[PDB]
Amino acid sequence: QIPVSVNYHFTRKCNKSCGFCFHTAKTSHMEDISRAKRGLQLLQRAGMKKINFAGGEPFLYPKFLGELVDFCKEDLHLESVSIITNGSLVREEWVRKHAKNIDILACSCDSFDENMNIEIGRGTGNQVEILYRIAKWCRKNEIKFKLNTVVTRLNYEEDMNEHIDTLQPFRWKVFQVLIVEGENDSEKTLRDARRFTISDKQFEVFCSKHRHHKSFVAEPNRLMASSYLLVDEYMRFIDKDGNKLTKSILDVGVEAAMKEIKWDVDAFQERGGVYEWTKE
């Protein structure tokens, strides 16, 4: 298993409360910058070409984040450095200062109907304003702009083509709501995503309406369950499909930890996990 593409969820804290979140604020723990850099070095030596920064909200700690993006690009010479964020805490000067080391910046927006963004819980109804401003900043300092969308029971009938034809992200991830055991599957967890779930037919309603876009990347449940390399806030590997957890790579190493998780490389390539992820 060559971990060519890794998501490092370095924090679990966030400033929003989307009802379907499958990566909840279980801990406020965060790794040290020496340990995180060592973990990113360990993954580089195992073959990782693309790092993606995620978790709760990465831009809750823009000093920690920016330190790691300059590290991954200047020191580890990673092919792709990417970030996924809800966009609200991004400051323009941070983008300007770190544009050279960022290949992709992804901002989440699940609807362009701000009432549904309130119903979802991603804020108080300004996500589209946040969204367009992030994309404006990306095109200024020449970062590839990417958009992530979660298709729920409240927005699968939504026609988004006017906005997609305007933003024109180079990459548009379209997730079906995923139920992850122990994260959002009941009322004993920090979120109850059961009200947002849709069927394979309801998902296809949204997909057929929008698949014509080149950026469009459809990610149904079967393509999301085990197609990812999930790195914990302790730098452990998460198997969210099987509800399992490894020891931190900092102690047992990359290759020994990877052997405990399931990673569907077949679904990884089906979802176009490998792509032209570099430049600026």
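Residue positions are given as counts along the sequence shown, with the first one as 1.
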ask   = Which is higher in the entry, the mean Cα B factor of 85-93 or that of 103-111?
value = 85-93
inquiry  = On mean Cα temperature factor in this entry, is 168-176 or 126-134 the higher one?
reply    = 126-134
message = Quiz for you: based on the deposited Cα B-factor, which of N221, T246, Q44, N52 is highest?
response = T246
message = Please place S199 in the lowest, middle or highest third of its chain according to the CA B-factor in the PDB entry.
response = lowest
inquiry  = Which third, lowest, middle or highest, does the C-alpha temperature factor of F216 belong to within its own chain?
reply    = lowest
task = Check where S17 lands among this chain's C-alpha B-factors and tell me if it's the lowest, middle or highest third.
result = middle
message = Ranking every modelled residue in this chain by its Cα temperature factor as given in the entry, which third contains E57?
response = lowest
remark   = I33: CA temperature factor from the record, placed by chain third, in the highest
